[PDB]
Amino acid sequence: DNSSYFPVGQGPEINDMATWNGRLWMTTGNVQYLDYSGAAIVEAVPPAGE
Amino acid sequence: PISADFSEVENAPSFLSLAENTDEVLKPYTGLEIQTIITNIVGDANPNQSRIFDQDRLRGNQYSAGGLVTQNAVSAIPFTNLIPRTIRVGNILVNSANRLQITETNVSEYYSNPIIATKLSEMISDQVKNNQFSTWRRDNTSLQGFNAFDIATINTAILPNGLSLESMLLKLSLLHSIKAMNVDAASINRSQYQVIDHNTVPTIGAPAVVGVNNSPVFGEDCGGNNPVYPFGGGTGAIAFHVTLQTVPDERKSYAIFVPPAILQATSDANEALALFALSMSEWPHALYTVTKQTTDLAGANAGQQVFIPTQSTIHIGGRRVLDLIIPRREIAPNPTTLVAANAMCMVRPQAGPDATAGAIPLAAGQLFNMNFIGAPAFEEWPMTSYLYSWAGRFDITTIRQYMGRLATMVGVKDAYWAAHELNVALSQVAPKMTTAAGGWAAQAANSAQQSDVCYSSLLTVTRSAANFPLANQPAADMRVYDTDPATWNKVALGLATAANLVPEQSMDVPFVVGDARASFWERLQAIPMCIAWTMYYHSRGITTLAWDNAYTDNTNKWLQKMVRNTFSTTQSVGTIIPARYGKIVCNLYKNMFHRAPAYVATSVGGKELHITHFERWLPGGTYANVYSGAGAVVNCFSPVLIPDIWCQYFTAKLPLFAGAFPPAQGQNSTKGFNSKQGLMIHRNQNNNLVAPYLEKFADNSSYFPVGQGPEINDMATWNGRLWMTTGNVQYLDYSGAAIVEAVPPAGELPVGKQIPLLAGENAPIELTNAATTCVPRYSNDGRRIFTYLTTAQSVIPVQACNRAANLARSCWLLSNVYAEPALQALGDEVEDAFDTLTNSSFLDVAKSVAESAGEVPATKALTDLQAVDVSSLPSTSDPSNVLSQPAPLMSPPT
Amino acid sequence: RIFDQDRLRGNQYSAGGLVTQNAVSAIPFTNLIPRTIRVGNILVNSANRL
Amino acid sequence: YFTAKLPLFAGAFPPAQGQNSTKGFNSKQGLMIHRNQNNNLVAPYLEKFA
């Protein structure tokens, strides 16, 4: 129940293997930081691949 | 609950059964009981994702008396706090013609849980006594950055009462309730803007703006950029002191310390100081405003409406001027020079980010010039202007952390929750009803009747009679506790403690304090209060004009008692005592909702008693009454505020006379009670008037005997509702004469407020949105009132009482559900993984602090060793004890 | 006032699902015989034998 | 109307009877509501794998 907005008072859970996979996606040269619908998030983002 | 068949209404509980004392423990009413019924959100959801902007109505299918079904029928949530100062008129937004609402509080000292001096105080007295052997004036007694001569004078002459903290927590809760409007429009109800202005439509996209002193009309701006108190009309004064010596003699006794434990955040602490100063000066310091974009019902014309929060107009009296005594950064000799002072103040106060005009003008961010001995001149600021500047800077999320540190010093859980109960009780408000035949009505735009409003207690809210600042004070509406500066100073420095003051964790702060949903949730907490007060006033038949004159009248001895006992105007042993019949309403609440109201203790001679907000109202107000469709007043009904579907769909258990009319099912529809129930029909000299089966005493009292009034009897009241719900009742004397009270145009009943519809909604039909239970029985001059029908009109209903005929009625098509309580704690909280990684350490360090109130690692056994003459230490000859109440024994005869 | 107590009264349910409130029916019997009948709003002599 | 026995998802909607008309299954049945980034779309209780 945390798929697009986290439920109030809760945040992401520790899970190593998922973080490992996230590093695998990042270490490719063209990662894209978006949300569940595929829209932009409010944080500033690196020029692509940095 | 809604009834399914006549078998269910016939087996409903009697009123006396629900008013019995109940002994069991019960959970607090968080308002989420109503949320899971009128909303998509069962269980949790993020407020952003839920759009509770559209979750602001009761919805359902309705069944008509004629057999048709009206799908997607609707009803407004009755309560609000916003007051329009600019009403839409003729599709064009314009200035309000009517003066603003006001409220008054009776603040005072009362005995609280008994208080006792701490070990730290004993150590201080021993330090002084030991110091007396040496001709050295020395500063052993300094604590937390305060002067040694100050800790000595804060350690003297304790007051028995106890400590409250309640008025402090009121001011904080009112402020929070106002800043909670500042969040995005997606999570405030649409209806909340249109309870009083039914011709406007708010826009979802843009958040509301919270300003100060902006109002167009009746001088509501309190001097604008140059401010004054809205009520007194004056201007305050505030001064900061490193030490108590620089305080002028006229007011060295009223000084308050500002403990270092607040301001410990690396978050701006100059603001936390301002919010400590705000919570002890007089409230309101200015009239807050909520400006919101809105549009015409056609969507055509757009504008910025102005609103006044109901929290911003209630007067909690107190202190115009303050001396705030700031902690010292570095232990040191008292700063005879200035640079020794400023570079050693733990915080150096400065004005907030807003400019002000008038005498002593303040540029934004201006710095206060510190007070110290031998200074060239004394310096102070007006406090209305000092508070005007920070007024835009507070917000919900910072109040949450503030109160989170405040909780660490003193427990604030139960006290805050009770203060929040007072908040809801005094701020939520609803417009008076319009009589009609059908399901909707509203008063003419920008009329005096449109804006007239009432409390959850069915008492009307008073209006101002002249432009602000008000020249003269209104009567008190309710009485609250006060917070003594003296024992505050004692408690903040660990020198004193009480069982209600035990320190708590920052996580214990109740959920409303943080959330953006809090406005909606306050809106939902006032309904059960009206349900309780409504069942109370409707159990007896007394009319509005009759309550209105009751306190004084000499026509009947019973009526004077019946009002004198509902208000809190009694005392014993120097403390407040709860109203005698407020306990009935409290019991009635506990029995219907299976939830316990928040309470606070009063110590009568050391015996604690619980006061609830049901028991602390004061006499003076007019009672709630409906208006005609033309605007003429109607006196004849008992007091009413809300449609009875609210009363009957949200209670776990209910009184019999108030149950819903059952659905048509084949042959059966509705039915009435007869002589087999102990009842009997009234007849008079006229042969064309018929009154229902009623009590047998009804035969022998055209006038009630003095010392006596109408008695509870559910079934006769039910029959009275059956006569009323036909479209053509007649309200008359035992003889068929007209009563003195003003009566509705024929066949009309009070009905709930109209609001604009969304696509797919339908308006409520017939009596689906009316009040029905308000059956008059006691006239102003002591007569009974009878509901009559003509003979031919009378035949079907009487047979319905005899169970030989059926009467058609409308109903909601809604089933019954009532949840077990959603949360025990009164605070939301969830383990994170780190909470589990670091569990036990927190669990015992917590308990090791809760017992550690007023403790230090040095014990008397160590500090004895350093003493010169141990036998003469006062801690030896005076072991400390809890002070008794009203006062500790003195001068005993040996 | 049993002058007005001269009918069967009650609610009726239709085959189409509507409810007709305050529906009525006459008490069938009598003994009085008019010898002057109202006709055209104007009262006139009876045409029929006793 | 012509089967001796039938699958549950295909049964007829029940007749109105006094208060009751038709009703739906919830989390007590093992189901749960779908929500997305949009705040103005709601989907029924469905499977948990949904």
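Conventions adopted
- Residues numbered from 1 in each chain as written, not as in the entry; some residues may be left out.
- Chains lettered and ligands numbered in written order.
- Part of a larger assembly, values for the part shown.
- Heavy atoms only, no water.
- Contact = heavy atoms within 4.5 Å.
- Helix = DSSP H or I, 4+ residues; strand = E, 2+ residues; numbered from the N terminus.
- Core = buried A, V, L, I, M, F, W, Y, C linked by side-chain atoms within 4.5 Å.
- Buried < 20%, exposed > 50% of the residue type's maximum accessible area, 1.4 Å probe, protein only.
- Salt bridge = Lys/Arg side-chain N within 4 Å of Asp/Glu carboxyl O.
- Polar contact = N/O pair within 3.5 Å; in protein donor to acceptor, adjacent residues only side chain to side chain.
- Pairing = 2+ DSSP bridges.
- Expected span 1.5 Å × (residues − 1).
- Buried area = accessible area lost by both parts, 1.4 Å probe.
- Nonpolar A, V, L, I, M, F, W, Y, C, P; charged D, E, K, R; others polar.
- Axes fitted to C-alpha atoms, helices over the stretch in contact; angles between N-to-C directions.
- Patch = residues over 30% accessible without salt bridge, like charges linked within 9 Å, V, L, I, M, F, W, Y side chains within 5 Å.
- Areas by Shrake-Rupley, 256 points an atom, 1.4 Å probe, with all protein chains shown as cover.
- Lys, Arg positive; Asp, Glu negative; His and termini not counted.
- Charge placed at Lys NZ, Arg CZ, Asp CG, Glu CD.

Its PDB record attributes the structure to cryo-EM, giving the resolution as 2.95 Å.

The name that the PDB entry assigns to chain C is Capsid protein, with the source organism given as Omono River virus. The title given to this PDB entry is "The major capsid of Omono River virus (strain:LZ), protrusion-free status".

The name given to chain A in the PDB entry is Capsid protein, and the organism recorded there is Omono River virus.

Chemist: What is the right way to read the arrangement of the chains from this model?
Modeler: Sorting the 4 pairs of chains in contact by contact count puts chains B and D at the top. A minimum C-alpha distance of 46 Å separates chain A and chain C, which share no contact. Contact between chain C and chain D is absent, and the least distance between their C-alpha atoms amounts to 12 Å.

Chemist: Hey, could you run me through unusual backbone geometry in this one?
Modeler: Backbone phi values are negative for most residues with the exception of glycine, while trans is the configuration of most peptide bonds. All names here are of chain B. Cis rather than trans, the peptide bond between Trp283 and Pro284 has omega equal to -15°. For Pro284, the location among the structural elements is in the loop between α8 (270-278) and β12 (288-295). For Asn213, which is not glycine, the phi dihedral falls at a positive 55°. Topologically, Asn213 is positioned in the loop between β9 (209-212) and β10 (237-241).

Chemist: For this particular structure, what's the right way to read the nonpolar core?
Modeler: For soluble globular proteins, the rule of thumb is that nonpolar side chains tend to be buried together. All names here are of chain B. Core analysis: the biggest nonpolar cluster contains 174 residues, and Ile238, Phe276, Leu324, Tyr386 and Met535 have the highest contact counts within it. By residue number, the principal contributor to this core is helix α16 (residues 527-539), which donates 9 residues. Sequence-distant contacts of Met535, that is, excluding residues within four places in its chain, are made with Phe15, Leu588, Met592, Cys647, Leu654, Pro655, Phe657 and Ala658. By size, the runner-up hydrophobic cluster in this structure holds 23 residues, among which are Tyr693, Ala716, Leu789 and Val798.

Chemist: Explanation requested: the pattern of salt bridges in the structure shown.
Modeler: Opposite charge on two side chains lets them pair, provided their charged atoms get close. All names here are of chain B. If you walk through the whole model with that rule in mind, you get 19 salt bridges over all chains. Of the charged contacts, one joins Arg803 and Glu10 as a salt bridge, the two residues approaching to 3.8 Å between their closest N and O atoms. Residue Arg803 is found in the loop between α22 (791-801) and β30 (811-812), and its partner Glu10 is found in helix α1 (residues 6-10); the two are separated by 793 residues along the sequence. The closest approach of N and O atoms between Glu166 and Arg616, which form a salt bridge, is 3.1 Å. Linking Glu166 in helix α7 (residues 166-179) with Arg616 in the loop between β24 (607-611) and α20 (644-649), this pair joins segments that are 450 residues apart in sequence. Among the residues examined, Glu166 registers a relative accessible area of 8% and is labelled buried. Ionic contacts of the salt-bridge type, sharing partners, join the residues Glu250, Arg251, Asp323 and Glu380 into one network.

Chemist: Quick question: what am I supposed to make of the side chain of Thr434 of chain B here?
Modeler: Residue and element names in this part refer to chain B. Inspection of the secondary structure assignment puts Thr434 in strand β17 (residues 434-436). Its relative accessible area of 5% is what places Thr434 among the buried residues. For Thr434, the side chain forms a polar contact with the side chain of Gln443, separated by 3.3 Å. If we ignore the near neighbours within four places in the chain, the residues touching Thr434 are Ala441, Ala442, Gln443, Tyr627, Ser628, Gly629, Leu749, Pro750 and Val751.

Chemist: Help me out: how do you make sense of the pairing of strand β5 (residues 92-95) of chain B in this one?
Modeler: Remember that side chains alternate between the two faces of the sheet whenever the strand is regular. All names here are of chain B. Inspection of the sheet shows strand β4 (residues 86-89) paired to β5 by 4 bridges, in the antiparallel sense. Of the residues in β5, the one forming a bridge with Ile87 is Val94. Connecting β4 to the antiparallel partner β5 that follows it, the hairpin turn spans 2 residues, and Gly90 within it adopts a positive phi of roughly 65°.

Chemist: Can you help me understand helix α21 (residues 714-725) of chain B in this one?
Modeler: Side chains that are three or four residues apart share a direction in an α-helix, a result of its 3.6 residues per turn. Residues and elements named next belong to chain B. Under the 1.5 Å per step criterion, the end-to-end length of α21 is 16 Å for 12 residues, consistent within 8% with the ideal 16 Å. The element α21 is extensively covered by neighbouring structure, given that 11 of its 12 residues are classed as buried. Within α21, burial applies to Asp714, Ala716, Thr717, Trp718, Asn719, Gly720, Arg721, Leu722, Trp723, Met724 and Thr725.

Chemist: Would you explain the interface of chain D and chain B in this entry?
Modeler: Accessible area lost upon the coming together of the parts is a frequently used measure of interface size. In this complex, chain D contributes 12 residues to the contact, which on the side of chain B involves 17 residues. Roughly 1,100 Å² of surface becomes buried between chain D and chain B when both sides are summed, with 40% attributable to carbon and sulfur atoms. A per-residue breakdown of the area chain D buries against chain B is headed by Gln19, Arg35 and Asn39 of chain D, which together make up 63% of the total. In this structure, the connection of chain D to chain B is made through 0 salt bridges. Along the contact surface separating chain D from chain B lie 4 residue pairs in polar contact. Residues of the side of chain D that touches chain B, tallied by class, amount to 2 nonpolar, 8 polar and 2 charged.

Chemist: Help me out: how do you make sense of the sheet that holds strand β11 (residues 256-257) of chain B in this one?
Modeler: In sheet architecture, strand pairing relies on hydrogen bonds along the backbone and comes in two forms, parallel and antiparallel. Residue and element names in this part refer to chain B. Strands sit in the order β10-β15-β11 across an open sheet of 3 strands; the sheet is parallel. Edge positions in the sheet fall to β10 and β11, since each has one partner strand and no second. Strand direction decides the pairing type here: β11 and strand β15 (residues 321-325), joined by 2 bridges, are parallel. Along β15, the bridge assignment pairs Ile256 with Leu324. Across the sheet, α8 lies against β10, β11 and β15, angled at about 135° from β15, the strand it touches most.

Chemist: Help me out: how do you make sense of a negative patch on the surface in this one?
Modeler: Among the surface-exposed residues, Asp1 of chain A together with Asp44, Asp828, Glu829, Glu831, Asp832 and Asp835 of chain B lie close enough to one another that they form a single negatively charged patch. Of note, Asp1 of chain A is situated in the segment before α1 (16-27). Accessibility expressed as a relative area gives 72% for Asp1 of chain A, which makes it exposed.

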